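As stored in input-v6.cif (mmCIF, C-alpha atoms):
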data_query
loop_
_atom_site.group_PDB
_atom_site.id
_atom_site.type_symbol
_atom_site.label_atom_id
_atom_site.label_comp_id
_atom_site.auth_asym_id
_atom_site.auth_seq_id
_atom_site.Cartn_x
_atom_site.Cartn_y
_atom_site.Cartn_z
ATOM 1 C CA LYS A 110 -8.900 5.977 0.124
ATOM 2 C CA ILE A 111 -6.312 4.119 -1.998
ATOM 3 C CA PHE A 112 -5.667 0.362 -2.402
ATOM 4 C CA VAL A 113 -2.483 -1.755 -2.497
ATOM 5 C CA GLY A 114 -1.505 -5.408 -3.078
ATOM 6 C CA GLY A 115 1.656 -7.554 -2.942
ATOM 7 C CA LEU A 116 2.383 -6.474 0.654
ATOM 8 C CA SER A 117 5.025 -9.162 1.297
ATOM 9 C CA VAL A 118 5.203 -10.636 4.820
ATOM 10 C CA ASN A 119 6.956 -9.043 7.820
ATOM 11 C CA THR A 120 5.236 -6.048 6.192
ATOM 12 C CA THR A 121 2.855 -4.111 8.479
ATOM 13 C CA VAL A 122 0.460 -1.167 7.994
ATOM 14 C CA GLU A 123 3.065 1.021 9.705
ATOM 15 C CA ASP A 124 4.856 0.251 6.435
ATOM 16 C CA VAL A 125 2.225 1.513 3.966
ATOM 17 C CA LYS A 126 0.934 4.217 6.324
ATOM 18 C CA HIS A 127 4.441 5.668 6.709
ATOM 19 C CA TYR A 128 4.964 5.045 2.979
ATOM 20 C CA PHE A 129 1.996 6.879 1.418
ATOM 21 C CA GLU A 130 2.000 9.209 4.429
ATOM 22 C CA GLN A 131 4.839 10.965 2.644
ATOM 23 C CA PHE A 132 2.676 10.591 -0.460
ATOM 24 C CA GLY A 133 -0.568 11.899 1.065
ATOM 25 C CA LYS A 134 -1.645 12.970 4.569
ATOM 26 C CA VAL A 135 -2.681 9.290 4.675
ATOM 27 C CA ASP A 136 -4.838 9.790 7.774
ATOM 28 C CA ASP A 137 -5.455 6.045 7.543
ATOM 29 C CA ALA A 138 -3.193 3.309 6.136
ATOM 30 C CA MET A 139 -4.484 -0.241 6.663
ATOM 31 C CA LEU A 140 -2.987 -3.493 5.323
ATOM 32 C CA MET A 141 -4.429 -6.983 4.748
ATOM 33 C CA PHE A 142 -1.991 -9.910 4.994
ATOM 34 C CA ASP A 143 -3.047 -13.414 3.889
ATOM 35 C CA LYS A 144 -4.669 -15.610 6.584
ATOM 36 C CA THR A 145 -2.312 -17.816 8.650
ATOM 37 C CA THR A 146 0.693 -18.272 6.348
ATOM 38 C CA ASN A 147 -1.171 -16.384 3.612
ATOM 39 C CA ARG A 148 1.910 -14.156 3.308
ATOM 40 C CA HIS A 149 2.230 -14.871 -0.436
ATOM 41 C CA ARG A 150 0.040 -11.803 -1.061
ATOM 42 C CA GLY A 151 -1.969 -9.215 0.902
ATOM 43 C CA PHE A 152 -3.930 -6.060 -0.011
ATOM 44 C CA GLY A 153 -4.017 -2.928 2.171
ATOM 45 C CA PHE A 154 -6.374 0.076 2.264
ATOM 46 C CA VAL A 155 -4.835 3.526 2.809
ATOM 47 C CA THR A 156 -6.289 6.993 2.222
ATOM 48 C CA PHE A 157 -4.769 10.453 1.673
ATOM 49 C CA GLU A 158 -7.004 13.362 0.575
ATOM 50 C CA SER A 159 -3.967 14.055 -1.641
ATOM 51 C CA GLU A 160 -5.531 12.445 -4.735
ATOM 52 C CA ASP A 161 -2.733 13.997 -6.793
ATOM 53 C CA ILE A 162 -0.445 11.366 -5.284
ATOM 54 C CA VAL A 163 -3.140 8.693 -5.599
ATOM 55 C CA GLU A 164 -3.434 9.809 -9.243
ATOM 56 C CA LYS A 165 0.116 8.675 -10.076
ATOM 57 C CA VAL A 166 1.120 6.401 -7.188
ATOM 58 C CA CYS A 167 -2.154 4.668 -8.142
ATOM 59 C CA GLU A 168 -1.104 4.062 -11.771
ATOM 60 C CA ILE A 169 2.334 2.475 -12.290
ATOM 61 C CA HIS A 170 2.411 -0.949 -10.584
ATOM 62 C CA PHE A 171 5.867 -1.809 -9.191
ATOM 63 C CA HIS A 172 5.840 0.075 -5.864
ATOM 64 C CA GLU A 173 8.558 -0.183 -3.192
ATOM 65 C CA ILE A 174 7.087 -1.209 0.177
ATOM 66 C CA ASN A 175 9.838 -1.782 2.770
ATOM 67 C CA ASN A 176 11.284 -4.141 0.142
ATOM 68 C CA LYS A 177 8.545 -5.220 -2.295
ATOM 69 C CA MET A 178 7.507 -3.971 -5.759
ATOM 70 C CA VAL A 179 3.893 -4.307 -4.565
ATOM 71 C CA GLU A 180 1.399 -2.428 -6.773
ATOM 72 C CA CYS A 181 -0.587 0.705 -5.836
ATOM 73 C CA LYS A 182 -3.928 1.995 -7.178
ATOM 74 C CA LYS A 183 -6.134 4.944 -6.159
ATOM 75 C CA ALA A 184 -8.887 2.786 -4.630
#
Write out the structure in this file as structure tokens.
Amino acid sequence: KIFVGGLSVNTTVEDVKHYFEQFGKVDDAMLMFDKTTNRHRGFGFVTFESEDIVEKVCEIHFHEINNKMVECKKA
């Protein structure tokens, strides 16, 4: 599975899941938002047997999630 952080607020798994889904089967695409107002950050946990995508999408750092440069890494 891969990992992600920076998931702004209003952001929801449906966001990463649909995002990396086009990047890798992403059979699962979870997301962790900060507690109550802990929207300042948030790390999600996706997973697409397509490591190839996790290979690159995991490097870089400024990803585009719905509207955030969040960072992605092949967890």
Counting only C-alpha atoms, which of A:126, A:111, A:137, A:150 gets nearest to residue 178 (chain A)?
A:150
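Shortest atom-to-atom contact with residue 114 (chain A) among A:152, A:129, A:142, A:157: A:152, counting only C-alpha atoms.
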Could you tell me, as a CSV table (one decimal) with C-alpha atoms, in the frame of the given file, exactly which residues end up selected when the PyMOL selection byres ((chain A and resi 175) around 12) is applied to this structure?
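Once everything was written out, this is expr_34.csv:
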chain,number,residue,atom,x,y,z
A,115,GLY,CA,1.7,-7.6,-2.9
A,116,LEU,CA,2.4,-6.5,0.7
A,117,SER,CA,5.0,-9.2,1.3
A,118,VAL,CA,5.2,-10.6,4.8
A,119,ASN,CA,7.0,-9.0,7.8
A,120,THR,CA,5.2,-6.0,6.2
A,121,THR,CA,2.9,-4.1,8.5
A,122,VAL,CA,0.5,-1.2,8.0
A,123,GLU,CA,3.1,1.0,9.7
A,124,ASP,CA,4.9,0.3,6.4
A,125,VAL,CA,2.2,1.5,4.0
A,126,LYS,CA,0.9,4.2,6.3
A,127,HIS,CA,4.4,5.7,6.7
A,128,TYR,CA,5.0,5.0,3.0
A,129,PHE,CA,2.0,6.9,1.4
A,172,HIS,CA,5.8,0.1,-5.9
A,173,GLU,CA,8.6,-0.2,-3.2
A,174,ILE,CA,7.1,-1.2,0.2
A,176,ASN,CA,11.3,-4.1,0.1
A,177,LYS,CA,8.5,-5.2,-2.3
A,178,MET,CA,7.5,-4.0,-5.8
A,179,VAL,CA,3.9,-4.3,-4.6
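Picture a line from CA of residue 132 (chain A) to CA of residue 163 (chain A); it runs 8.0 Å.
Interatomic distance, CA of residue 167 (chain A) to CA of residue 155 (chain A): 11.3 Å.
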Could you tell me how far CA of residue 169 (chain A) lies from CA of residue 144 (chain A), in Å and to one decimal?
27.1 Å
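Proximity of A:112, A:130, A:153, A:183 to residue 165 (chain A), computed with only C-alpha atoms, is greatest for A:183.
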Nearest to residue 140 (chain A) among A:168, A:113, A:182, A:158, with distances taken over only C-alpha atoms: which residue is it?
A:113
I'd like the box whose edges run along x, y and z of the file and which contains every listed atom of region 110-126 of chain A, padded by 8 Å per side; could you state its centre and edge lengths in Å, one decimal, as lines of an AutoDock Vina configuration file?
center_x = -1.0
center_y = -2.3
center_z = 3.3
size_x = 31.9
size_y = 32.6
size_z = 28.8
